[PDB]
Every structure is written in C-alpha cells, then in structure tokens.
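I have placed the structure first, in the form of structure tokens, so that the comments after it can refer back to it.
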Amino acid sequence: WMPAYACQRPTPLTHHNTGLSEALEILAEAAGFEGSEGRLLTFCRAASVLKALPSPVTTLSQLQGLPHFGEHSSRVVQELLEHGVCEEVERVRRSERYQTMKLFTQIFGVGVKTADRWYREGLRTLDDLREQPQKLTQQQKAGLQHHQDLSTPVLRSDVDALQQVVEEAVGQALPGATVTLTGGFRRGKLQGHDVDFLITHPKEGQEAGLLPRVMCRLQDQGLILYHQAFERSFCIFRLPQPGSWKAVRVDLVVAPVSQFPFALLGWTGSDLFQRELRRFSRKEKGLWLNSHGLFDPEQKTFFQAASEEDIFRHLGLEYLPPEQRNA
DNA sequence: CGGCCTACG
DNA sequence: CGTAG
DNA sequence: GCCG
Ligand SMILES: [Mn+2]
Ligand SMILES: [Mn+2]
Ligand SMILES: [Mn+2]
Ligand SMILES: [Mn+2]
Ligand SMILES: [Mn+2]
Ligand SMILES: [Mn+2]
Ligand SMILES: [Mn+2]
Ligand SMILES: [Mn+2]
Ligand SMILES: [Mn+2]
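Under UniProt numbering, residues 137 to 364, 384 to 397, 410 to 494 are what the first sequence spells out, in order.
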C-alpha cells in the first residue's frame with residue numbers, strides 16, 4: 137500500500153501523527169549529531185511515512201508492512217502508545233550533548249562537525265562562543281550577531297514585504313526578470329526560518345551576471361546586513396518594521424529559464440522530498456536529477472522540461488503540487 | 001555488504 | 001567546511 | 001536503521 141519513497145505519496149502540511157513523528161525526528165537529529173547520516177535518514181523516512189497516513193496510529197498493529205519501520209522505530213512507537221513517552225527519546229532530549237549540539241547547529245554558519253569540535257573543547261553557550269571571536273568565520277560571526285532575530289519565526293507579512301523589495305531590485309537590475317517565492321512558503325507553510333526566492337528571465341542568457349547587480353542594488357537601499384561570479388546568495392536582510412527593523416535570512420537564487428523548472432522543484436522542497444526524488448530518479452529510473460536538470464547518462468542528454476509536471480512525468484511519478492511535498 | 005542527494009560559496 | 005531544498 |  138504505502139509507497140517506499142516519499143516522492144511517491146502525498147504528504148500534507150497538517151497531518152495526524154505529530155506526537156510520533158516528532159519523537160522519531162528527535163532520534164534522527166541525534167543520529168546526525170553523532171555522525172550517522174544513515175540512521176538519520178531512516179528515522180526521517182519513518183517519521184515521514186507517519187505524516188502521509190490518513191488517520192492517527194493508535195495501535196502497534198497499524199505499522200505492519202509500513203516501509204522504514206523495523207525493530208527500532210516500531211519500539212519507539214510502541215512505547216509512545218503504551219506509555220506516552222519513549223525512554224530513549226527523553227534521555228536524548230534532556231542530555232547536555234543534544235541540547236548544546238542543537239543550540240550550536242542552529243547558528244547560521246555552524247554545522248555538526250563545527251558544533252562537535254566546540255562541544256569537545258568544553259563550549260556550551262552562545263556567550264562562550266562570543267568570548268572567543270577568533271575561532272569564528274565571517275559567516276558564523278553574522279549568524280551569532282543576528283541569532284535572536286533569526287530565531288524569530290518569519291511570517292507571511294514579512295515574506296510579502298521582502299518579495300516587494302526583491303522585485304524592485306531585480307526589476308532595476310534587469311527589465312523583464314521575475315521573482316518566484318519558493319521554499320516552505322510555496323508549500324503552504326505559514327512560518328519559516330527564512331524566505332527563499334528564485335529569479336530568472338524569459339530570454340535564455342539574459343540573467344548572466346544578475347545576482348551581483350541585485351545585491352548591489354539591495355545593499356545601496358541599506359537592506360543587506362550580511363552576504364557572500385555567483386548564482387546563490389545566502390543573505391541576512393535588514394527588514395524594516397514599524410519604528411525599527413529585524414534581521415531575516417533570505418536565499419536568492421538565479422537560474423536560466425531552461426533550468427527554471429528544475430530549480431523550482433529543487434528549491435520548493437521539502438528537503439526530504441527532494442533527496443527522495445533524486446534517489447528515486449537514479450536508483451529506479453537510471454536518471455540523474457539536480458536543480459539544473461535531469462540527465463540520461465547513457466544517451467548523454469538532458470531532459471527539456473517546461474514545468475514541474477513535465478519532470479514528474481518523465482520520472483513516471485504522479486504529479487504532486489507543492490502543498491503535498493511536505494515530506 | 002554498502003548506500004544513503006547533489007549541487008554551489 | 002559551510003550553505004540549500 | 002533499514003533495505004536492495
Ligand atoms: Mn488528513
Ligand atoms: Mn536499535
Ligand atoms: Mn512497556
Ligand atoms: Mn547551522
Ligand atoms: Mn526556507
Ligand atoms: Mn549553475
Ligand atoms: Mn553495513
Ligand atoms: Mn531547508
Ligand atoms: Mn547501521
């Protein structure tokens with residue numbers, strides 16, 4: 137019944153098994169902190185299966201036959217159903233290691249390997265890092281400086297204001313260029329950790345050199361707190396608010424129009440949906456997918472797509488709109 | 001046994 | 001390494 | 001951790 141790849145099934149934003157999926161996602165995050173991407177992926181995939189089910193799981197029997205449920209994930213669910221808590225999950229939650237790794241990796245510019253080195257050196261708080269600025273890259277310094285604002289959910293009103301100023305700068309940089317909201321907001325999320333935008337021009341090649349021109353125009357309007384030929388810019392914007412301002416993470420991506428459906432698909436996510444789609448493409452169809460194209464390595468040709476629908480069709484998949492890609 | 005997405009900055 | 005979805 |  138339930139397909140094994142997340143790209144083969146609809147996953148809505150609101151689902152019926154949050155308690156169970158949240159517990160499995162804690163274990164997935166902890167697996168990542170200990171350097172096991174494989175265990176992280178299994179726990180994420182198991183959590184995602186539960187998000188696609190039509191009803192609450194109330195009895196362990198309802199897991200039988202589900203993909204990515206084996207002995208470990210099933211026992212977590214059984215303990216949650218039988219007792220309301222999973223001892224392993226609670227032990228991870230309360231551990232100093234998990235809490236500190238979560239704190240550090242949430243900083244823009246810090247991943248697991250950096251966080252783990254700092255943990256091993258005895259560092260535990262954001263003030264600990266601030267007291268040792270020479271150990272920070274420029275990106276990390278920006279992430280730490282703006283950490284409180286970046287921990288505030290981004291709202292739709294923020295998205296709408298940012299889209300206007302990005303459209304203004306893009307139109308000043310290149311007439312006819314377009315701006316498309318991507319990321320979680322395109323999947324219907326009401327909040328986010330950032331705003332993602334994809335920029336193109338209908339005439340192939342006209343977008344060459346665009347992103348530096350857009351960045352210069354935003355900087356001159358005082359809108360940029362942090363950035364840095385390029386085609387992806389992971390920015391922090393100074394977003395005006397009533410009487411003040413707040414820092415907001417914004418990702419700006421430029422693609423030629425030939426690549427636009429592939430970039431739109433990749434940048435709309437979810438992260439797990441796209442990893443699963445790329446895995447499906449290669450392992451089941453023999454085709455190589457990324458945000459630039461879909462390559463047949465035996466004919467040595469790229470699939471020409473005019474839409475996301477075209478890509479799903481070439482992969483033999485039922486089309487899913489963005490709001491059903493919340494894997 | 002090994003794979004686990006696949007790029008850019 | 002970091003970033004992205 | 002699960003699976004091809
Ligand atoms: Mn439902
Ligand atoms: Mn186990
Ligand atoms: Mn028990
Ligand atoms: Mn980080
Ligand atoms: Mn986003
Ligand atoms: Mn490129
Ligand atoms: Mn093995
Ligand atoms: Mn993301
Ligand atoms: Mn293992």
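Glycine is no exception: its CB is placed at the ideal position from the N, C-alpha and C atoms.
Mind checking whether the beta-carbon of residue i lies closer than 7 Å to any heavy atom of ligand 4?
| i | result |
| --- | --- |
| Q242 | yes |
| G258 | no |
| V246 | yes |
Got a sec? Which residues, its chain only, sit under 7 Å from residue i by beta carbon, not counting five neighbours each side?
| i | result |
| --- | --- |
| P428 | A472, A473, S474, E475, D477, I478 |
| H363 | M351, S388, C390 |
| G358 | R393 |
| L156 | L186, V193, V213, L216 |
| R353 | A305, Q308, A309 |
| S411 | none |
| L189 | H152, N153 |
| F440 | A142, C143, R492, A494 |
Do residue j and residue i have their beta-carbon atoms positioned less than 8 Å apart in this structure?
| i | j | result |
| --- | --- | --- |
| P338 | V424 | yes |
| residue 520 | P203 | Examination of residue 520 is not possible in this model, given that the chain is present from 137 through 494 alone. |
| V331 | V421 | no |
| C180 | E207 | no |
| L484 | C143 | yes |
| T318 | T336 | no |
| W254 | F244 | no |
| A309 | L280 | no |
| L361 | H282 | yes |
| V225 | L163 | yes |
| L482 | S448 | yes |
| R480 | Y141 | no |
| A183 | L176 | no |
| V415 | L487 | no |
| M237 | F333 | no |
| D463 | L456 | no |
| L431 | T316 | yes |
From what residue to what residue does the beta strand (DSSP E) around residue i run?
| i | result |
| --- | --- |
| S388 | 387-396 |
| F429 | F429 -> not in any beta strand (DSSP E); alpha helix (DSSP H) instead, spanning 427-435. |
| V331 | 331-336 |
| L454 | It is not in any beta strand (DSSP E) - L454 carries neither H nor E in the DSSP assignment. |
| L272 | Per DSSP, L272 belongs to no beta strand (DSSP E) and is neither H nor E. |
| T195 | Taken as a continuous stretch (DSSP letters only), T195 belongs to no beta strand (DSSP E), as it is neither H nor E. |
| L286 | Run containing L286: none in the beta strand (DSSP E); it sits in the alpha helix (DSSP H), 283-286. |
| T314 | 314-317 |
| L361 | 360-362 |
Kindly list the residues whose CB is nearer than 8 Å to the CB of residue i, restricted to its own chain and excluding five residues on each side of it in sequence; keep chain order.
| i | result |
| --- | --- |
| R323 | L149, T435, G436, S437, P489, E490, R492, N493 |
| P139 | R145, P203 |
| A278 | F244, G245, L361, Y362, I391 |
| residue 380 | Coordinates for residue 380 are absent, as the chain skips straight from 364 to 384. |
Consider the C-beta atom of residue i and the heavy atoms of ligand 5; say whether any pair is separated by less than 7 Å.
| i | result |
| --- | --- |
| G433 | no |
Closer than 7 Å to a non-hydrogen atom of ligand 2 - does that hold for the CB of residue i?
| i | result |
| --- | --- |
| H208 | yes |
Give me, in chain order, the residues of the same chain whose beta-carbon lies closer than 6 Å to that of residue i; leave out the 5 immediate sequence neighbours on both sides.
| i | result |
| --- | --- |
| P289 | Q327 |
| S210 | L199 |
| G320 | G328 |
| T261 | none |
| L444 | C143 |
| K413 | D285, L394 |
| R349 | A309 |
| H152 | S191, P192 |
| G258 | none |
Looking at the secondary structure, which residues open and close the alpha helix (DSSP H) in which residue i lies?
| i | result |
| --- | --- |
| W412 | Not the alpha helix (DSSP H): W412 falls in the beta strand (DSSP E), residues 411-421. |
| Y234 | 232-241 |
| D296 | 292-309 |
| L163 | 154-169 |
| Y255 | 248-256 |
| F462 | No alpha helix (DSSP H) holds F462; the beta strand (DSSP E) holding it covers 461-463. |
With a threshold of 7 Å, establish whether the CB of residue i neighbours any heavy atom of ligand 6.
| i | result |
| --- | --- |
| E343 | no |
Can you determine whether any heavy atom of ligand 8 sits closer than 7 Å to the C-beta of residue i, and answer yes or no?
| i | result |
| --- | --- |
| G279 | no |
| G307 | no |
| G324 | no |
| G436 | yes |
Sorry if obvious, but does the Cβ on residue i come closer than 7 Å to a heavy atom of ligand 9?
| i | result |
| --- | --- |
| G174 | yes |
Closer than 7 Å: residues whose CB approaches a heavy atom of ligand 1: Near ligand 1, residues with a Cβ at less than 7 Å from any of the ligand's heavy atoms are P148, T150, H151, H152, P190; the list follows chain order.
Can you list every residue whose CB sits closer than 7 Å to some heavy atom of ligand 5, going in chain order? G319, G320, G328, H329, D330, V331, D332, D418
Under 7 Å from any heavy atom of ligand 3, by CB: list those residues in chain order, please. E215, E218, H219
Please enumerate, following chain order, all residues with a beta carbon closer than 6 Å to at least one heavy atom belonging to ligand 6. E386, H459
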